[PDB]
4 protein chains.
Amino acid sequence: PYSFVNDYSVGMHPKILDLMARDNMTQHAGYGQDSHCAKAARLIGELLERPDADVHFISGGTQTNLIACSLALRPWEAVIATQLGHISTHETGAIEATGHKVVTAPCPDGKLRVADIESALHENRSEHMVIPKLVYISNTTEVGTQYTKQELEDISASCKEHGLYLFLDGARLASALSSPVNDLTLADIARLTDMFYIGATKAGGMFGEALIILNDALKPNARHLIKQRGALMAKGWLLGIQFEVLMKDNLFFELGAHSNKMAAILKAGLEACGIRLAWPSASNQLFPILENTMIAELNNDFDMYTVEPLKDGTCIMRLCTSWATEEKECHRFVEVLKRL
Amino acid sequence: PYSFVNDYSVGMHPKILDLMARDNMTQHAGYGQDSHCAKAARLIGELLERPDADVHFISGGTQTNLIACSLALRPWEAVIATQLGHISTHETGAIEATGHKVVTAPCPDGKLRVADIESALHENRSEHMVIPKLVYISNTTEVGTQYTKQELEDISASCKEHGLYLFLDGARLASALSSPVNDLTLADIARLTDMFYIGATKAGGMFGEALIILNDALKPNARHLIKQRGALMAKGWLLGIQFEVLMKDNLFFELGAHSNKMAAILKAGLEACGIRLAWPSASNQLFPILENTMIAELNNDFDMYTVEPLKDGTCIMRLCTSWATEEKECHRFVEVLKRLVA
Amino acid sequence: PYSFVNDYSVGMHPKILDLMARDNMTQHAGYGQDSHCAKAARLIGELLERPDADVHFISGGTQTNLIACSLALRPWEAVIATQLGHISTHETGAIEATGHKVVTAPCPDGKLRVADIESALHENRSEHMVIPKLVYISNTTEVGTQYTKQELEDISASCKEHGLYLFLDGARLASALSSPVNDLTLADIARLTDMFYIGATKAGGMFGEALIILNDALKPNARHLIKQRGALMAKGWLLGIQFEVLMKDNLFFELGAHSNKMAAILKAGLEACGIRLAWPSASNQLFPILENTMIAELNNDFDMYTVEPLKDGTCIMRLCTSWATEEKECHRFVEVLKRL
Amino acid sequence: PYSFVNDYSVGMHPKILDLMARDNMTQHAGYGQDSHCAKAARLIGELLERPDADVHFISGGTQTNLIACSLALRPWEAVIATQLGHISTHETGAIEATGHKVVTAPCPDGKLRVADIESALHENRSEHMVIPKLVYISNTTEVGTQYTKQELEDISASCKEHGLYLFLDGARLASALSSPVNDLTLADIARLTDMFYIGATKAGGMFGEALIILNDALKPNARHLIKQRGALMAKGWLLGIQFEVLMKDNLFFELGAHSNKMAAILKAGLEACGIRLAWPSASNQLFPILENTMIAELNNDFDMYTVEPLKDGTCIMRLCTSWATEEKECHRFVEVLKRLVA
């Protein structure tokens with residue numbers, strides 16, 4: 001039963017496994033103070049064209065989001081996000097556990113606009129309400145859409161005018177920056193945000209996120225906070241290794257390109273069969289609307305994620321591809337689908 | 001300029017002030033372990049017909065809401081409320097500062113319904129989402145509407161079905177229970193909720209909320225939590241005195257009836273002038289939609305709250321009466337309004 | 001049964017009651033935005049000779065301490081205090097509930113010294129430990145001792161050299177600044193600290209603390225935090241009234257002088273009977289060591305606080321006087337004691 | 001320069017790496033809902049003789065400690081620990097960041113005793129103080145000593161008497177239970193604690209702690225809390241693989257025995273050279289008091305941790321061995337030390 005459930009069902013790219021195997025039995029200092037982390041961080045600084053930035057390696061996405069917000073926010077400050085943002089839905093109150101409110105905006109396509117930021121600022125006023133101070137966006141978003149350069153430039157400009165930090169969640173940044181509708185580079189993101197992260201977990205690594213802190217005010221003692229939240233991994237050179245391999249020779253983007261090419265095969269198949277997607281997609285996620293009878297038959301050969309059942313005898317399903325997805329399985333899916 | 005801004009603009013009812021005056025210079029034990037809090041707690045127990053309820057005296061409403069959520073919720077649990085609820089809007093994220101999420105429901109008239117609770121429970125599933133465990137309602141609500149006994153009984157039964165606690169914010173319980181459209185008593189509220197509070201701040205007292213804990217699982221060591229959040233007032237007998245006067249001889253409900261009656265004079269003046277209200281009201285709050293040019297002239301004689309500017313050259317205002325509101329000011333508002341409209 | 005248990009057993013000074021009674025039925029704006037708070041704050045600024053300071057009126061001491069620490073501390077920062085400090089013992093984890101550690105120093109006489117600050121800084125180092133950032137002291141302290149000007153000057157200088165905020169808890173500041181061994185004024189405290197509070201609850205008011213914020217970095221949006229913690233009292237002009245009466249015409253200090261004169265009568269009586277105090281005192285608190293048999297007999301006519309029973313058939317008791325203490329009761333205590 | 005700095009300087013035991021290699025490219029369900037975590041959990045259940053225990057796989061020790069305190073404590077409750085405990089010193093206030101106080105006891109040899117627990121319960125009374133509810137111990141401790149079965153049974157019985165939970169930090173449980181002075185098994189620890197964890201990070205694994213929950217009141221929705229604190233690893237099968245290899249064929253205890261044996265060579269060299277240890281040790285940590293001039297020469301060949309400079313021109317150092325420590329480096333340390341002393 002081949003799985004399209006998520007982009008973290010396989011361990012790691014063979015070249016990461018190889019470096020981990022060949023490096024075994026060497027002695028390293030702990031907590032990210034080692035040679036691997038230093039090399040990965042240097043490589044990342046060069047790709048961003050911001051070698052002044054601080055890079056911290058952290059094991060997971062929820063970990064990284066709650067650390068970022070806790071670094072950027074005073075007790076009476078809040079974070080703005082879409083209602084579909086990962087921090088609004090699927091971190092079991094992680095941000096609120098740090099003591100801060102997520103102010104949500106209803107953006108059906110999963111993308112924040114300047115008008116939602118402005119409206120969130122208009123609604124929260126006086127000493128009786130939280131002060132929005134951080135804006136959270138995801139690229140790609142939690143429904144597979146993504147930002148253009150002009151969109152991120154508009155958001156960034158608005159944040160600077162109102163004194164807000166801008167944080168970009170890059171769980172699926174490899175997919176985003178490899179998509180054919182994309183016109184952002186890593187250097188653009190580093191130019192336009194106060195902080196962001198590059199996800200390795202969903203892009204070839206067994207774990208790891210690279211939290212990049214660009215705004216000088218957010219930098220001090222970040223490692224203390226990482227430690228306090230349980231995120232300062234003792235054998236931290238193993239996180240560095242993920243990035244030392246992925247960020248070398250364009251691998252990160254080549255794997256991203258593959259995941260998007262796989263999803264494009266599924267999408268061409270879906271569209272040839274008259275099946276509609278709930279959101280537009282040029283990334284590694286698809287949200288087909290399939291009849292329940294068809295789903296029960298597809299379940300015999302593929303695992304999918306159920307997003308939301310609907311009253312008219314259909315569900316929104318999610319298909320997810322990754323760096324590890326077998327092209328042959330994508331063509332099989334389409335062939336099985338055509339015959340249903 | 002006479003103020004209709006809110007229901008906490010005047011200090012306290014003269015009878016409360018009288019007791020504080022006569023009592024002054026008498027020595028008392030601290031932190032609510034005194035005689036006045038004991039008497040207040042007993043009167044409350046008898047009005048609710050639950051002498052087994054734990055009664056805790058606390059100074060403010062935000063204080064009370066944050067303590068109640070903290071008592072009822074584990075770290076991964078959450079409170080359900082309307083988008084207009086006090087804890088969702090006007091507490092500077094006090095509940096979030098205790099570590100908990102407020103899950104909201106869009107209810108345009110400020111009242112939770114069973115369908116909203118159910119829909120909150122459906123949307124929040126798996127180990128990747130919070131677990132809703134407490135339901136928060138306000139009577140009256142923050143937009144001046146209020147719950148009937150049947151509405152509260154349906155909410156209460158849905159909560160028992162799904163294993164949720166129900167907590168009622170009674171900041172404006174005096175106005176609610178003295179209203180002509182009301183069919184709830186304090187006994188009913190005690191029967192149907194695990195926890196609620198009776199507000200004195202807005203009903204005659206200088207401060208004071210009485211937190212009533214009814215469900216036995218919420219009771220133990222509540223005083224430790226109150227202390228921790230800075231809410232265990234040293235001279236606690238002074239909170240007690242507020243309720244020892246208000247809960248005696250139906251004074252609480254008589255002050256509420258006065259506040260509702262003053263609002264009824266304002267409401268009659270507004271309705272004779274063709275001015276519409278943004279929400280229905282039989283309580284102490286009114287939300288007239290008025291012309292901006294009208295507002296600028298009213299402003300010379302009266303102070304009102306500005307709720308929501310609209311595109312079409314008008315504005316939703318709030319008028320609020322209290323136990324202290326003067327009838328002659330109410331008639332005067334109506335009369336200035338008729339001169340303006342004509 | 002006359003009570004020497006604490007300094008908050010009587011409601012308020014008659015002149016406060018009178019102003020509250022005569023002001024009743026006037027309309028006021030809420031949340032401290034009124035005329036009474038403005039006048040009290042102006043009076044306090046003049047007494048401190050720092051009219052640039054921000055003054056916020058808050059109802060209680062625990063409330064004020066947890067707000068002060070939450071204003072001064074980032075998530076990985078901690079507060080230094082003696083083991084006998086109120087925030088280390090008797091706030092049921094209030095500071096820790098805001099997310100911060102209290103680092104304690106063993107100071108038997110209840111006073112912090114420069115060497116304890118320095119030692120607390122030496123012990124907490126690296127990204128694996130909290131960063132001490134705030135120093136908490138009390139005047140008078142929780143065992144009735146108090147700071148001299150030279151002591152506070154030494155502490156203040158050390159805090160400035162190490163980049164620490166200095167916060168003084170003035171629950172019993174009236175007693176301290178009225179004592180015959182005192183050489184500090186309010187103006188000295190305002191000169192030497194980043195923040196402190198003047199307690200009214202124990203000095204004539206029914207409640208109220210005046211949180212003074214001197215350090216410009218601590219000021220922004222303090223009212224948001226006060227609101228969030230439940231401390232922004234709706235009818236806040238009633239707190240202002242306490243201070244409008246107390247800080248006028250030296251009343252605060254005259255009441256403080258009376259509480260110290262009362263304790264001096266008790267102390268002269270104790271010392272004439274050969275009874276030792278557990279700490280030196282020139283303030284409104286005494287800590288006599290009395291035999292258990294003598295305590296049972298004194299309990300017939302006076303209520304006292306039991307501090308710590310001891311194995312040799314004695315207890316450390318606390319006697320507390322205030323602005324409201326009846327001189328006749330103090331002479332009675334001494335007369336009863338002499339005859340035991 | 002060969003390092004004796006700590007017991008997490010090398011990646012992982014070759015057998016763990018072998019399984020990860022062979023398993024790579026196989027698809028798995030996320031968040032610990034996979035086959036490897038199921039097998040690891042079952043092996044653990046059988047070693048403890050408690051197949052009813054909930055086993056949760058978590059990446060790090062600080063992570064595990066903060067989750068365990070959060071599971072066991074209400075907001076006004078606190079954890080008792082020694083002053084040398086990991087949660088009192090070296091977690092950047094992680095427990096305090098969850099909202100709870102750590103109440104400490106001065107125990108110079110790193111071991112809690114019953115008198116300490118009792119004295120913590122006496123000092124903390126009334127609604128004005130925290131309530132101690134959880135006891136935290138470490139085996140081995142942070143200074144290399146360890147608990148006997150009788151010590152643990154007395155601690156455990158005092159906890160049952162006073163209604164406290166007992167939690168054991170097993171970061172260095174492999175070294176402790178493979179030591180010659182030890183008389184505890186994993187079955188014993190499971191019998192006498194409500195919760196503990198077995199550390200793989202320092203005993204062969206690249207990461208991994210197995211949190212075992214035994215008391216039924218602590219169990220429900222633990223996975224929601226793990227998620228909330230960012231500790232629910234997406235590719236959770238990789239944590240599982242660590243224990244599926246370590247808990248098979250006594251490998252966990254064999255690696256611990258190797259680590260203790262290497263330390264015994266170092267300890268013998270130190271004792272033949274007249275050098276004293278700051279605490280007694282039969283585990284993988286040693287705390288020699290050495291001359292500063294000695295240290296500067298040793299530094300050219302070896303890396304050690306500096307614990308505490310002393311006034312008299314000497315210094316307490318820490319030496320730490322692990323499953324990966326080379327015997328030839330141990331003999332070499334002893335030999336360089338004898339040349340230096342002579």
# chains A, B, ... in the order shown; residues from 1 in each chain; ligands from 1
>>> residues_around(residues="segment 68-79 of chain B", least_positions_apart="4", cutoff="7 Å", atoms="only C-alpha atoms", output="list in words")
residues 92 and 93 of chain A; 64, 98, 99, 100, 101, 102, 103, 130, 131, 132, 133, 134, 135, 136 and 218 of chain B; 224 and 225 of chain D
>>> write_last_selection(atoms="N, CA and C atoms", output="compact mmCIF listing (two decimals), in the first residue's frame")
# COMPACT_ATOMS: atom_id res chain seq x y z
N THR A 92 -1.29 21.89 18.95
CA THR A 92 -2.00 21.75 20.24
C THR A 92 -1.70 22.82 21.28
N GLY A 93 -1.84 24.06 20.80
CA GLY A 93 -1.81 25.24 21.65
C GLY A 93 -0.40 25.60 22.07
N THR B 64 -11.11 37.09 37.93
CA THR B 64 -11.96 35.95 38.15
C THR B 64 -11.96 35.01 36.95
N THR B 98 -2.14 32.45 30.95
CA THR B 98 -2.15 31.27 31.83
C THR B 98 -1.78 29.97 31.11
N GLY B 99 -1.57 30.02 29.80
CA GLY B 99 -1.15 28.87 29.02
C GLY B 99 -2.24 28.20 28.19
N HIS B 100 -3.43 28.80 28.10
CA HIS B 100 -4.56 28.12 27.43
C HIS B 100 -5.12 28.88 26.25
N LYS B 101 -5.66 28.15 25.29
CA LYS B 101 -6.23 28.73 24.09
C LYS B 101 -7.70 28.97 24.32
N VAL B 102 -8.20 30.06 23.75
CA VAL B 102 -9.62 30.36 23.65
C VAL B 102 -10.08 30.03 22.24
N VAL B 103 -10.91 29.00 22.11
CA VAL B 103 -11.48 28.61 20.83
C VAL B 103 -12.80 29.34 20.66
N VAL B 130 -5.68 21.20 20.48
CA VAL B 130 -6.17 21.35 21.83
C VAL B 130 -7.47 20.54 22.02
N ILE B 131 -7.77 20.21 23.28
CA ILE B 131 -9.02 19.58 23.66
C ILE B 131 -9.92 20.60 24.36
N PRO B 132 -11.05 20.96 23.77
CA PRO B 132 -11.98 21.86 24.46
C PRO B 132 -12.54 21.17 25.71
N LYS B 133 -12.49 21.85 26.84
CA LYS B 133 -12.89 21.26 28.12
C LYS B 133 -13.79 22.16 28.97
N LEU B 134 -13.77 23.47 28.71
CA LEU B 134 -14.56 24.45 29.46
C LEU B 134 -15.35 25.29 28.47
N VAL B 135 -16.60 25.58 28.81
CA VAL B 135 -17.45 26.45 28.03
C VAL B 135 -17.67 27.72 28.84
N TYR B 136 -17.50 28.87 28.20
CA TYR B 136 -17.62 30.18 28.82
C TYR B 136 -18.79 30.94 28.20
N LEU B 218 -13.43 20.72 40.95
CA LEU B 218 -12.79 22.02 40.78
C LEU B 218 -12.41 22.68 42.10
N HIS D 224 -0.87 14.65 23.72
CA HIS D 224 -1.21 16.05 23.47
C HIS D 224 -0.15 16.98 24.08
N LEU D 225 0.28 16.69 25.31
CA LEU D 225 1.29 17.52 25.98
C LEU D 225 2.66 17.45 25.27
>>> residues_around(residues="residue 142 of chain D", least_positions_apart="5", cutoff="10 Å", atoms="only C-alpha atoms", output="ChimeraX atom specification")
/D:84-86,109-111,137,171-172,285
>>> residues_around(residues="segment 123-131 of chain C", least_positions_apart="4", cutoff="12 Å", atoms="only C-alpha atoms", output="ChimeraX atom specification")
/A:30-33,220-234 /C:73-80,99-105,116-119,135,162-164 /D:62,86-97,307-308
>>> closest_residue(among="D:182, D:322, D:145, D:228", to="residue 8 of chain D", atoms="only C-alpha atoms")
D:322
>>> closest_residue(among="D:325, D:215, D:141, D:126", to="chain A", atoms="only C-alpha atoms")
D:325
>>> residues_around(residues="residue 245 of chain D", least_positions_apart="3", cutoff="9 Å", atoms="only C-alpha atoms", output="PyMOL selection string")
chain D and resi 15-16+19+40+240-242+248-249+251-252
>>> write_last_selection(atoms="C-alpha atoms", output="short mmCIF file (atom, residue, chain, number, x, y, z; two decimals), in the first residue's frame")
data_model
loop_
_atom_site.label_atom_id
_atom_site.label_comp_id
_atom_site.auth_asym_id
_atom_site.auth_seq_id
_atom_site.Cartn_x
_atom_site.Cartn_y
_atom_site.Cartn_z
CA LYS D 15 24.28 -1.78 15.36
CA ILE D 16 21.83 1.14 15.59
CA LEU D 19 19.40 -0.88 11.32
CA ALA D 40 10.69 -1.07 21.40
CA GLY D 240 12.11 3.73 18.31
CA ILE D 241 14.99 2.11 16.39
CA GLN D 242 17.45 3.33 19.07
CA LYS D 248 17.70 -6.32 22.81
CA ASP D 249 20.15 -8.97 24.13
CA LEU D 251 23.19 -4.52 24.91
CA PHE D 252 22.11 -1.52 27.02
#
>>> select_by_dssp(residues="segment 16-68 of chain D", states="alpha helix (DSSP H)", output="PyMOL selection string")
chain D and resi 16-23+35-48+61-68
>>> write_last_selection(atoms="N, CA, C and O atoms", output="short mmCIF file (atom, residue, chain, number, x, y, z; two decimals), in the first residue's frame")
data_model
loop_
_atom_site.label_atom_id
_atom_site.label_comp_id
_atom_site.auth_asym_id
_atom_site.auth_seq_id
_atom_site.Cartn_x
_atom_site.Cartn_y
_atom_site.Cartn_z
N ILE D 16 22.94 0.21 15.84
CA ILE D 16 21.83 1.14 15.59
C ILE D 16 21.95 1.73 14.19
O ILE D 16 20.98 1.79 13.44
N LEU D 17 23.13 2.23 13.88
CA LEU D 17 23.42 2.74 12.55
C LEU D 17 23.12 1.70 11.46
O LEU D 17 22.65 2.05 10.39
N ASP D 18 23.40 0.44 11.73
CA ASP D 18 23.15 -0.63 10.76
C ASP D 18 21.66 -0.78 10.47
O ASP D 18 21.27 -0.98 9.34
N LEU D 19 20.83 -0.71 11.51
CA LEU D 19 19.40 -0.88 11.32
C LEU D 19 18.81 0.33 10.56
O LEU D 19 17.95 0.17 9.68
N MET D 20 19.30 1.53 10.88
CA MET D 20 18.83 2.73 10.22
C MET D 20 19.17 2.68 8.74
O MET D 20 18.35 3.06 7.91
N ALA D 21 20.35 2.16 8.43
CA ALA D 21 20.79 1.98 7.05
C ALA D 21 19.94 0.99 6.25
O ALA D 21 19.62 1.23 5.08
N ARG D 22 19.58 -0.13 6.87
CA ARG D 22 18.86 -1.20 6.18
C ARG D 22 17.40 -0.81 6.00
O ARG D 22 16.76 -1.14 5.00
N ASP D 23 16.88 -0.10 7.00
CA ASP D 23 15.51 0.40 7.03
C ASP D 23 15.24 1.58 6.09
O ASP D 23 14.09 1.83 5.72
N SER D 35 5.85 0.89 13.57
CA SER D 35 6.26 -0.46 13.96
C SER D 35 7.47 -0.58 14.89
O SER D 35 7.50 -1.46 15.77
N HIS D 36 8.49 0.24 14.66
CA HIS D 36 9.70 0.19 15.49
C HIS D 36 9.40 0.66 16.93
O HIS D 36 9.87 0.05 17.89
N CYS D 37 8.60 1.70 17.09
CA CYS D 37 8.24 2.20 18.41
C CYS D 37 7.37 1.17 19.16
O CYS D 37 7.44 1.05 20.38
N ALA D 38 6.53 0.45 18.41
CA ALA D 38 5.68 -0.60 18.97
C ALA D 38 6.56 -1.74 19.51
O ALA D 38 6.37 -2.18 20.64
N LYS D 39 7.53 -2.18 18.71
CA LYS D 39 8.44 -3.25 19.16
C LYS D 39 9.30 -2.81 20.36
O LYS D 39 9.44 -3.56 21.31
N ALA D 40 9.89 -1.62 20.29
CA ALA D 40 10.69 -1.07 21.40
C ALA D 40 9.89 -1.01 22.69
O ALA D 40 10.36 -1.48 23.73
N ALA D 41 8.68 -0.45 22.60
CA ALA D 41 7.76 -0.36 23.73
C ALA D 41 7.43 -1.71 24.36
O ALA D 41 7.24 -1.81 25.57
N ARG D 42 7.37 -2.76 23.53
CA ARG D 42 7.05 -4.12 24.02
C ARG D 42 8.23 -4.75 24.75
O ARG D 42 8.06 -5.40 25.78
N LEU D 43 9.43 -4.56 24.21
CA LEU D 43 10.65 -5.05 24.85
C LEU D 43 10.82 -4.37 26.19
O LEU D 43 11.22 -5.00 27.17
N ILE D 44 10.52 -3.08 26.24
CA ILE D 44 10.69 -2.33 27.47
C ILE D 44 9.70 -2.87 28.49
O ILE D 44 10.08 -3.14 29.62
N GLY D 45 8.45 -3.05 28.08
CA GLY D 45 7.43 -3.59 28.95
C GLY D 45 7.84 -4.90 29.59
O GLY D 45 7.52 -5.13 30.75
N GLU D 46 8.54 -5.75 28.84
CA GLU D 46 8.94 -7.07 29.34
C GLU D 46 10.15 -6.98 30.28
O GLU D 46 10.24 -7.75 31.23
N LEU D 47 11.07 -6.07 30.03
CA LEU D 47 12.20 -5.87 30.94
C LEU D 47 11.74 -5.30 32.29
O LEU D 47 12.30 -5.66 33.33
N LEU D 48 10.70 -4.47 32.27
CA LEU D 48 10.13 -3.91 33.50
C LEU D 48 9.13 -4.85 34.18
O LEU D 48 8.75 -4.63 35.33
N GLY D 61 16.72 14.85 27.19
CA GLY D 61 16.50 14.72 28.62
C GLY D 61 15.82 15.92 29.25
O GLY D 61 14.98 15.77 30.12
N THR D 62 16.18 17.12 28.80
CA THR D 62 15.54 18.34 29.29
C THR D 62 14.07 18.34 28.88
O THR D 62 13.20 18.72 29.65
N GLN D 63 13.84 17.90 27.66
CA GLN D 63 12.51 17.73 27.06
C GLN D 63 11.68 16.80 27.90
O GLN D 63 10.51 17.05 28.22
N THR D 64 12.29 15.67 28.26
CA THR D 64 11.59 14.68 29.04
C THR D 64 11.28 15.19 30.45
O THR D 64 10.19 14.98 30.93
N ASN D 65 12.22 15.86 31.10
CA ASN D 65 12.00 16.35 32.46
C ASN D 65 10.87 17.37 32.49
O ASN D 65 10.03 17.33 33.39
N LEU D 66 10.84 18.27 31.52
CA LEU D 66 9.84 19.34 31.52
C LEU D 66 8.43 18.81 31.21
O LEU D 66 7.47 19.25 31.79
N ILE D 67 8.34 17.80 30.34
CA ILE D 67 7.07 17.12 30.07
C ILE D 67 6.56 16.37 31.31
O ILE D 67 5.39 16.43 31.62
N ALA D 68 7.45 15.64 31.98
CA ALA D 68 7.09 14.90 33.19
C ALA D 68 6.57 15.80 34.33
O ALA D 68 5.54 15.50 34.96
#
>>> residues_around(residues="segment 137-151 of chain C", least_positions_apart="3", cutoff="8 Å", atoms="only C-alpha atoms", output="ChimeraX atom specification")
/C:81-82,84-86,109-113,154-155,166-173,175-176,182-184,188,279-287
